[PDB]
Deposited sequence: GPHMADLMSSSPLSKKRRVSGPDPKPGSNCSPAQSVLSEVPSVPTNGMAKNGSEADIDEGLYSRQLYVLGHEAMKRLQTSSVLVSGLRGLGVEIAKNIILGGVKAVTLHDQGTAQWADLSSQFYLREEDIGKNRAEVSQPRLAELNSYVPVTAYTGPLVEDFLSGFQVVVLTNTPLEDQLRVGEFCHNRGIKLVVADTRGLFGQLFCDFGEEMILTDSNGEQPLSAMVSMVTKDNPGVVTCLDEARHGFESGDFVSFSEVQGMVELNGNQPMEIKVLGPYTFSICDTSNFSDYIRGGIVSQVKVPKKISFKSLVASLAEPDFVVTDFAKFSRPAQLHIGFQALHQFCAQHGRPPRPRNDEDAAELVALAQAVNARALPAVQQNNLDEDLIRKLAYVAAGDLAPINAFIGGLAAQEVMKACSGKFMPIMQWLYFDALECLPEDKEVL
């Protein structure tokens, strides 16, 4: 909408004005701490609908961080237990539970998929599918003090970013208002624009950036101006944001060729996280703290992961200290971390759900106590 201005759309996207057309349905997979934080945020955010997927049952190790699980739930399905309490967050957002396999024609009924507590192979599988049939993917993970966030919003996303100016010769009081000037173009459509020094309709000056619709070299269409004051000559226009198609690698691709985005050494976490999946897949558990053996194993795995990695990621010297910290600190499931990363993950979902604002560039790594 023309009336909806840049700052104002930033809100509506970030769950403000919840009773607005909501178009994207979301699968949140994995209902341990991380996923229930994400699902809670996402339902309060008011996305069209939300399905909670889990094939695992509630375990003692899950109780600490999952605020909707109790002692009376151990052994019952995590999604089925969480769904009633999550459904009560708001009347409008339908919450459903699915305990089946993430089969391709099931996933296909979704615009967004969040993966949590998911083995690496399943991430690659689900992710290549999602990327192929256009489903937007958020992958989120917490290993003690460390966090990981991935996004593939598909090889197409129109993103707003940020400067050429023109000199206002006239603007109408029409719906939409129509700006003019002397010899201005390149504004095209979808550009957001700001004003200053506009005599007459002073209201255009301090306004939010407005979406533009170019009609020609001298004229573009601004936000509706019917209920404003009449115009007089003075005034300059500027260009505040422009759209760009950003192309996203699939998870399988980005894993090998990762673009990174507060932690000082993400490529090493990246390597470290890979090795961690390899460890868990071997042993069936993460590394125990107070266990210098598991940590040595993880270092061996990290070294090999580093050896096999493409020249981009590949480190000349990998931080074995950092890897050992990751091993010793992998057992942990810590509410404040989950809540924090669950926060970031939910804004990713919201971005994937509408608006097209700039998503995390596939990989983000975090240290809590650096």
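S.K.: Can you list the gaps, in order, where the deposited sequence has no modelled residues?
M.R.: Counting from residue 1, the stretches without coordinates are 1 to 56, 219 to 222, 244 to 245, 324 to 328, 438 to 446.
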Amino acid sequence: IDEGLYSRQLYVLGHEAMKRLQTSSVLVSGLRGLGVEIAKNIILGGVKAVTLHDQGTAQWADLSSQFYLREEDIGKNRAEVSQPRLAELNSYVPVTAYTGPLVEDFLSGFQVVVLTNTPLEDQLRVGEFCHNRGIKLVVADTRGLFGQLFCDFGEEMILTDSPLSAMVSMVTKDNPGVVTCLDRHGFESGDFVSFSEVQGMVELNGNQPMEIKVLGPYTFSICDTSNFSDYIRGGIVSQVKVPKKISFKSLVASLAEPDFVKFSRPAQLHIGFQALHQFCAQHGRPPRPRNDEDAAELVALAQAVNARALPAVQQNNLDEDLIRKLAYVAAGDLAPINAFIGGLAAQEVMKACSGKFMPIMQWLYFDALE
From here on, numbers count along this sequence of modelled residues.
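S.K.: Between 342 to 350 and 355 to 363, which has the larger average Cα B-factor in the PDB entry?
M.R.: The stretch with the larger average C-alpha B-factor is 355 to 363.
S.K.: According to the deposited model, is the average Cα temperature factor higher in 171 to 179 or in 127 to 135?
M.R.: Per the deposited B-factors, the answer is 171 to 179.
S.K.: Can you pull the Cα B-factors for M157, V299, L276, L215 from the entry and say which is highest?
M.R.: Of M157, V299, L276, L215, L215 has the highest C-alpha B-factor.
S.K.: Quick one: which of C280, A267, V240, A97 has the biggest Cα B-factor according to the entry?
M.R.: Answer, based on the entry's C-alpha B-factors: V240.
S.K.: Sorting the chain's CA B-factors, does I74 end up in the lowest, middle or highest third?
M.R.: Middle third of the chain for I74's C-alpha B-factor.
S.K.: Which third of the chain holds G35 when residues are ordered by C-alpha B factor: lowest, middle or highest?
M.R.: It falls in the bottom third of the chain.
S.K.: Sorting by Cα B-factor within the chain, modelled residues only, which third would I236 end up in: lowest, middle or highest?
M.R.: According to the entry, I236 has a C-alpha B-factor in the chain's highest third.
S.K.: Ranking every modelled residue in this chain by its Cα temperature factor as given in the entry, which third contains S64?
M.R.: Answer is middle: the recorded C-alpha B-factor places it there.
S.K.: Can you work out whether the C-alpha temperature factor of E88 puts it in the lowest, middle or highest third of the chain?
M.R.: Lowest third - that is where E88 ends up once the chain's C-alpha B-factors are sorted.
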